[PDB]
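Single-letter residue listing:
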Amino acid sequence: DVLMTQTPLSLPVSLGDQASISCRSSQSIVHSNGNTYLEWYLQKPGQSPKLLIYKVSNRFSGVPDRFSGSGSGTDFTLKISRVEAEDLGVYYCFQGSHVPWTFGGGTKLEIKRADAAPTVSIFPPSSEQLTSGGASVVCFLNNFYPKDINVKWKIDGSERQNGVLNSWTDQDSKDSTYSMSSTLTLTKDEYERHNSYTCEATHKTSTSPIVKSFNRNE
Amino acid sequence: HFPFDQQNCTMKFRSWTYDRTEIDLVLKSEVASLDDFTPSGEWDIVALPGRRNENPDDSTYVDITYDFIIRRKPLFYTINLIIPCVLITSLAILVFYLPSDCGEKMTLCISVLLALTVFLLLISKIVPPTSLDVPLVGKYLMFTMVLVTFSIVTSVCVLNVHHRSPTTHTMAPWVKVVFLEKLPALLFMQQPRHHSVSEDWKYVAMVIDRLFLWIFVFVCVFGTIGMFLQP
Amino acid sequence: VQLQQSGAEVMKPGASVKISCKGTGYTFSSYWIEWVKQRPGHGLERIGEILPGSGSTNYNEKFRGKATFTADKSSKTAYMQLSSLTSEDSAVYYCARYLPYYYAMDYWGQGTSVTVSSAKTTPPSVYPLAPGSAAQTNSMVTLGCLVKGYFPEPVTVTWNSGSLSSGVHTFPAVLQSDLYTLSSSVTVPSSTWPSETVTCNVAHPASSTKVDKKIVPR
Amino acid sequence: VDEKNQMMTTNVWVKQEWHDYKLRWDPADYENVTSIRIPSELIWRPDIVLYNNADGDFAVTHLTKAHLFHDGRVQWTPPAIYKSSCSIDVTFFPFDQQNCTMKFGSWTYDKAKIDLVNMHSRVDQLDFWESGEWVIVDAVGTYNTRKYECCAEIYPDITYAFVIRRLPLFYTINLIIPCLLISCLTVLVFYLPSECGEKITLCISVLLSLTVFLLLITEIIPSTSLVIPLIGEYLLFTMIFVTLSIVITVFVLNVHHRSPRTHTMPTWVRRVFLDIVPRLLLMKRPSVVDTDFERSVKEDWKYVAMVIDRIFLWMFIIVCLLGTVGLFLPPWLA
Amino acid sequence: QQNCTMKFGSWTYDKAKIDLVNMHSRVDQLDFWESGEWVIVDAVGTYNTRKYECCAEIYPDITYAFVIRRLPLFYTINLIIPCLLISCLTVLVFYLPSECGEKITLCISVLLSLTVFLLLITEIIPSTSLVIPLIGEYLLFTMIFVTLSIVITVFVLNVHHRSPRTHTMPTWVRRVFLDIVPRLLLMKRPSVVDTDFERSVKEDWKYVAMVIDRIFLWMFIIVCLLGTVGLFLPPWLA
Ligand SMILES: *[C@@H]1O[C@H](CO)[C@@H](O[C@@H]2O[C@H](CO)[C@@H](O[C@@H]3O[C@H](CO)[C@@H](O)[C@H](O)[C@@H]3O)[C@H](O)[C@H]2NC(C)=O)[C@H](O)[C@H]1NC(C)=O
Ligand SMILES: *[C@@H]1O[C@H](CO)[C@@H](O)[C@H](O)[C@H]1NC(C)=O
Ligand SMILES: *[C@@H]1O[C@H](CO)[C@@H](O)[C@H](O)[C@H]1NC(C)=O
Ligand SMILES: *[C@@H]1O[C@H](CO)[C@@H](O)[C@H](O)[C@H]1NC(C)=O
Ligand SMILES: CC(=O)OCC[N+](C)(C)C
Ligand SMILES: CC(=O)OCC[N+](C)(C)C
Ligand code: NA
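Residues numbered from 1 in each chain as written, not as in the entry; some residues may be left out. Chains lettered and ligands numbered in written order. Part of a larger assembly, values for the part shown. Heavy atoms only, no water.

Participant: I tried to follow the overall build of chain B on my own but got confused; where do I start?
Facilitator: Regarding its fold elements, chain B presents six helices and four strands. In chain B, the succession of α and β elements from N to C terminus is β-β-β-β-α-α-α-α-α-α. The globule rule puts the C-alpha radius of gyration for 231 residues at 17 Å, and the 30 Å found for chain B is more than 25% above it. Seen through its C-alpha atoms, chain B measures out along the principal axes to roughly 100 × 40 × 25 Å. Within chain B, buried positions represent 51% of all 231 residues. Of the accessible surface of chain B, which amounts to about 11,400 Å², a share of 65% is contributed by carbon and sulfur atoms. Each charge class in chain B was averaged separately, 18 positive and 21 negative side chains, and the resulting centres sit 11 Å apart. (Helix = DSSP H or I, 4+ residues; strand = E, 2+ residues; numbered from the N terminus. Rg over C-alpha atoms; globule rule 2.2 N^0.38 Å. Buried < 20%, exposed > 50% of the residue type's maximum accessible area, 1.4 Å probe, protein only. Areas by Shrake-Rupley, 256 points an atom, 1.4 Å probe, with all protein chains shown as cover. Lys, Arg positive; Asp, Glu negative; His and termini not counted. Charge placed at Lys NZ, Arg CZ, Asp CG, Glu CD.)

Participant: Whenever I open this one, the overall build of chain A confuses me. Can you help?
Facilitator: Scanning chain A for helices and strands turns up two helices and 19 strands. By the compact-globule yardstick of 17 Å for 218 residues, chain A is too spread out, its C-alpha radius of gyration being 24 Å. Expressed along its principal axes, the backbone C-alpha trace of chain A runs to roughly 75 × 35 × 30 Å. If you take every contact in chain A between residues at least 6 apart in sequence, the share linking residues at least 24 apart comes to 57%. (Contact = heavy atoms within 4.5 Å.)

Participant: How should the arrangement of the chains be read in this particular structure?
Facilitator: Among five pairs of chains with at least one contact, chains A and C form the most extensive contact set. One thing to see here is that chain C and chain D don't touch, and their nearest C-alpha atoms sit 8 Å from each other. The two units chain C and chain E are non-contacting; their minimal C-alpha-C-alpha distance is 24 Å.

Participant: How do you make sense of the pairing of strand 2 (residues 38-51) of chain E when you look at a structure like this?
Facilitator: Consecutive residues of a regular strand have side chains that alternate between opposite faces of the sheet. All names here are of chain E. Note: strand 2 against strand 3 (residues 58-70), 13 bridges, orientation antiparallel. Bridging across to strand 3, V39 finds its partner in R69. Hairpin connection from strand 2 to strand 3: six residues lie between these consecutive antiparallel strands. (Pairing = 2+ DSSP bridges.)

Participant: Would you mind showing me how to read the interface of chain C and chain A here?
Facilitator: Where interface size is given, it is often the accessible area lost as the parts come together that is meant. Every contact between the two is made by 43 residues of chain C and, on the other side, 45 residues of chain A. Three residues stand out in chain C for area buried against chain A, namely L44, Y101 and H169 of chain C, and they jointly supply 18% of the buried area on that side. Here chain C is connected to chain A by zero salt bridges. Between the two partners, chain C and chain A, sit twelve residue pairs in polar contact. At the level of elements, strand 4 (32-38), strand 5 (45-50), strand 6 (57-59), strand 9 (91-98), strand 15 (169-170) and strand 17 (180-185) of chain C are the ones that each hand at least two residues to the side of chain C that touches chain A. (Buried area = accessible area lost by both parts, 1.4 Å probe. Salt bridge = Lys/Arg side-chain N within 4 Å of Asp/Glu carboxyl O. Polar contact = N/O pair within 3.5 Å; in protein donor to acceptor, adjacent residues only side chain to side chain.)

Participant: Whenever I open this one, helix 2 (residues 199-217) of chain D confuses me. Can you help?
Facilitator: Think of an α-helix as turning once every 3.6 residues; residues three or four places apart then point the same way. Taking 1.5 Å of rise per residue, 19 residues should cover 27 Å, and helix 2 of chain D covers 27 Å from first to last C-alpha, within 8% of that figure. Looking at helix 2 of chain D, one finds that the buried residues are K199, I200, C203, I204, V206, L207, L210, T211, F213, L214, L215 and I217 of chain D. Buried residues along helix 2 of chain D sit in contact with helix 1 (75-89) and helix 2 (105-126) of chain B together with helix 1 (169-184), helix 3 (230-256) and helix 5 (293-332) of chain D. (Expected span 1.5 Å × (residues − 1).)

Participant: So what exactly am I meant to see when it comes to the UniProt feature "transmembrane region" in chain B here?
Facilitator: Residues and elements named next belong to chain B. UniProt records the feature "transmembrane region" for residues 79-100, 106-122, 137-161 and 209-228 in the present numbering. Secondary structure across residues 79-100 comprises 50% helix and 0% strand; the distance between its end C-alpha atoms is 35 Å. Split by type, residues 106-122 is 100% helix and 0% strand. Its first and last C-alpha atoms lie 24 Å apart. (UniProt positions renumbered as here; feature names shortened; annotations may be inferred.)

Participant: Can you walk me through the packing of aromatic side chains in this structure?
Facilitator: By convention here, two paired aromatic rings are described through the distance between centres and the angle between planes. Considering all chains together, one arrives at 53 aromatic pairs over all chains under this definition. Arranged with centres 5.0 Å apart and planes meeting at 40°, the rings of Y37 of chain A and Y101 of chain C form a pair that is tilted. Taken as a pair, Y37 of chain A in the loop between strand 3 (19-25) and strand 4 (38-43) and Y101 of chain C in the loop between strand 9 and strand 10 (112-116) lie in two separate chains rather than in one. Accessibility assignment for this pair places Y37 of chain A and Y101 of chain C in one class, buried. Ring geometry for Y138 of chain E versus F232 of chain E: centroids 5.3 Å apart, planes at 50°, classification tilted. Pair noted here: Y138 of chain E is in helix 3 (residues 134-160) and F232 of chain E is in helix 5 (residues 197-236), with a separation of 94 residues, a long-range link. Looking at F232 of chain E, the relative accessible area reads 29%, which means it is partly exposed. (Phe/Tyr/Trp six-rings, centres within 6.5 Å; stacked < 30°, edge-to-face > 60°.)

Participant: It is not clear to me how the site of ligand 6 should be interpreted in this structure. Could you clarify?
Facilitator: Residues and elements named next belong to chain E. In the vicinity of ligand 6, the contacting residues are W11, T12, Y52, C55 and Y59. At 3.5 Å from an oxygen atom of ligand 6 is found a main-chain nitrogen or oxygen belonging to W11. Taken by itself ligand 6 offers 320 Å² of open surface, and the protein chains cover 72% of this. Tallied by class, the residues present in the shell around ligand 6 amount to four nonpolar, one polar and no charged. (Near = heavy atom within 4 Å. Nonpolar A, V, L, I, M, F, W, Y, C, P; charged D, E, K, R; others polar.)

Participant: Whenever I open this one, the state of the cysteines confuses me. Can you help?
Facilitator: Residues and elements named next belong to chain C. Here the structure, examined in full by the defined rule, presents seven disulfides over all chains. One disulfide bridge connects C21 with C95, the sulfur atoms lying 2.0 Å from each other. Across the disulfide from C21 to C95, rotation about the S-S bond amounts to roughly 55°, and the bridge is consequently right-handed. Pair noted here: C21 is in strand 3 (residues 17-24) and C95 is in strand 9, with a separation of 74 residues, a long-range link. (Disulfide = S-S within 2.5 Å.)

Participant: Looking at this structure, how should I read the interface of chain D and chain B?
Facilitator: Taken together, the contact between chain D and chain B spans 42 residues of the former and 39 residues of the latter. The interface formed by chain D and chain B holds one salt bridge in total. A salt bridge links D36 of chain B to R146 of chain D; the shortest N-O distance between them is 2.8 Å. At the boundary of chain D and chain B, one finds nine residue pairs in polar contact. Of all the secondary structure elements, the ones that give two or more residues to the side of chain D that touches chain B are helix 2 and helix 3 of chain D. Tallying contributions element by element places helix 3 of chain D first for the side of chain D that touches chain B, with ten residues. Residue composition of the side of chain D that touches chain B, grouped by class: 20 nonpolar, 14 polar and eight charged.

See below:
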């Protein structure tokens, strides 16, 4: 199967900027008919893909004229003259030349803006966790940018790495900032034992990690 | 790309009585219908688009053309033409590893040439007699036949060299220093030389075969470039 | 033209599922049907194709044997059967209409989601959270709302009749061990949080469960 | 029954019979005339056609006269030569049993206007002309109705399935037995002494004879890529092993003609192929005492080649028997 | 390059009743479907008028002459190059040592391959006796010389296997074939003195055969080269 590679994995470009997407094939995907069959598909979050370009350059009906394509035997690129809010999504290159036909790796597209410092927070468990027989500790990080975000579960000078959840939210629209919620599940037999729990995180804006702790022993 | 070829056969429909100013042909659908199709067994259907063509220069011309893109299922010929041909070709190199004392070099190489020519003529009978392109299989067989003819000539030379005795031929000093000293070293032969002229002639004939066995193995292995490009 | 896919499916590991794609408004037997797998994580992988008019079928190397295509002509439907469902097979599958070398994948099915898990239907357990006592009070504070121990998808988290919609940051569901969870937080004026009531609604249509637990200050 | 082109040519009488309400009369008023013969082109006829026609005519073309009865019954029995297309299965050629079908039905009248009634449930073979090459095991017409995307109505049709068996004596004698005779000689090369100088002749002749026979069979069977005849598989495997035997024969001939002046026999070769292997193969070398070193070693090389030949004579005999039995007995023993 | 014509005319109307007017001279090719085997060099219709002995009137006709040129890559690959490869091996038998025991096999194989290729050619060309293909003439000349080589090889094999116990070497044979001819052919025998008379003369015969064989290698290489150029070159240079 022809292997298709896309670069970059992510392409942050602010509104109105030029956007360039490159796709390469492990073999030449030319065909005897004088055409090489390459197509570009765009998928918005929670939606089925959509056709944009076929046969390298030919543009599908009903698509903005900003999109354009070009390439040769094994190198092809997609160009967007101007970027818009609707343009956000993932772009795939599809080769329709050699059986079987394979998709590209996909290249997520984002809009860059003034990075904002994260607003970290910590929420201990509730009475419901105690009565039910559990203890959940969750750390929040909201309205931050860019993806250069890391979180660390330090506790009373002890770094605990087990049971750490990684769940971040894709770029928003109103704020165009991400979020990162990490959780740590604790039982009653263990919840009350240890003394202090912290939530360390490091970001590009602030080189020093941000610490946020509370004392179980109180 | 026989037998892994894909054909693009078209059917052009027109009204041989009325021109475009009298009747206008329209497509009920963009593709031909396969609702009641019986699979072929030898040919795989890929696409059956239909297109309505006008002539911007004529204005009285209209037709509907259906492009029948079909793909050959290649197991039959891959079993009945390719494997036998590769089996025949694999024998093209043995002649250079056959001792000259057996007196069967000519039989082997001549038989190989006969088989290759027969297969080439059969392939020439399966394909259209058009002079636009040559099947890669036919080209590869043609190259192998040329190589086998070269090997026949070389085997005749080596047989002449082998049946040489000091009473009929004299071995020049350069022949000694080359074929009994230098060339065997490159080929990792290392003449035992435990101790007579007749055997020197036999060894020289054996060195030449070993040299051409190398050349016919690199070229034959490199012949995959002319074969692997088909599938 | 329209491709209609079957509904979502939940199957136990090791079983086999059969999803269908029904095409209407065009010559169903003359167009290849392409099946595409999209794991929740990332990437589009083409499983294979079938031409309903004939029986011809192709599979990608990764899916040879795992999937099998069958097509019905009397009813314009095409079926893929997946065998030996593991945890990796859980993904969203699409069906698309393709004519090689002439028309690209211009029409796509709505998408069918398949989940492989040994668990059974379970109602959610919402544990509302709030800022900890050992934290300075400032002009801006974040709320907390947690949902866990539910299966299968989806669960919608919302505030009272959309009392405060903008600014809410929901997060994608995750598996702790075998069950799903979710989190959500929002920022509100510190002078309005205590005076003005805020709550995070929870709805779990799969379990036919609707939950309304008001978050009150600790 | 064209296997290469996958067509069946038959000579049939298409017996039809319907009722015409406008062609009734009272025989008492016409001197007791009970029936008459009229050209079939003067009356309405059903347009029964052969759906799966290939290289022939869809509808009847002879248009003989139709027998008409005073009660409105009409009998039409025209002859026809039909070239229908059927899928040929040559897995067990020449012991194969084909299944070729013929689909008949009205073209423009649906089930609500013309309906077919199976006259009999079995093709009439009273006036059949024996072929001597095929025998009709079964010929039964089945009634089917189905809907076509062309039209919104149901079109009935009758499909006749001719199950015909091939009489295999001809192709047996002409292909199978020569193939077996040639196969018998595949392993003889390993028993030929190297001094005869004819191993190459025998192995090459066997290879090219098998190739000729494979190409002769390739001119009979269809070019489909769904099934592989067992005869074809057997010939191909024999070809591969004969090529391997040619390679081994070249190697053995090279080993036989080695002398101390050109090659040196390592200790391990001497040990293995003059002590261990000869014993395991039940071949006992005479304990000879020769002094001349040059001639003594040449005899050792000649024996090593002889031993190597015996190893492959055993392997190929085992492979030939297991390959043959492991390919042809399963299908025979259902 | 064939020149095939089509003659069109009214069967029953003479020039005094129906006259043909050449609409256009050349045959219209706007809708032509390329064969891939032939190329139409020139198709021109010529108006002719002539009288037949049946009838007293003049009958006009238009004759179209199709001048079609063949594309040779197909036969150049399937008939010509194999023939050249077989022809290349027509003098090798004269460089094969007599002791190899393969001269007869080689020459017979060459002869029968050439005959088979001639028979294959015969199945394509018409059975006409007015012209002869150059390929056919070349094949026939090569077969004649290959048969001559077979005869000479039989004689050389007979000579090589002579010994004093069966044949006696004439003095003239010795003189000629061991002094004069070897010098001219630049082949030098080694100056060795074998004692055994039976073995000494058995090596003179083995050398006479080698010299006789060497004479014809020079002769058959010149004829093969001169014949080929002397047959195919003049036609090439139109
Ligand atoms: C099978 O063969 C047919 C005929 O040889 C091929 O049809 C030709 O395809 C080319 C490529 O698309 C067409 O040229 C293009 O036409 C479009 C629209 O007119 C134009 O925008 C492009 O710039 C280019 O000129 C050509 O018109 C078309 N000819 C006909 C008579 O249909 C077909 O592509 C072949 N298919 C395969 C899979 O080999
Ligand atoms: C009419 O002919 C039938 C036989 O065709 C015969 O049985 C019958 O008796 C005849 N009737 C008369 C009135 O001649
Ligand atoms: C022959 O074919 C028909 C239809 O294809 C099928 O119903 C019947 O069972 C077949 N008979 C045999 C003996 O295979
Ligand atoms: C072809 O033949 C016709 C009639 O025989 C003749 O008039 C014409 O000159 C010929 N053309 C060529 C190129 O030989
Ligand atoms: C109405 C008509 O002519 O139908 C012909 C095709 N058929 C036999 C499939 C219905
Ligand atoms: C009058 C008539 O029919 O003549 C026919 C002969 N031809 C074709 C030579 C003129
Ligand atoms: Na022969």
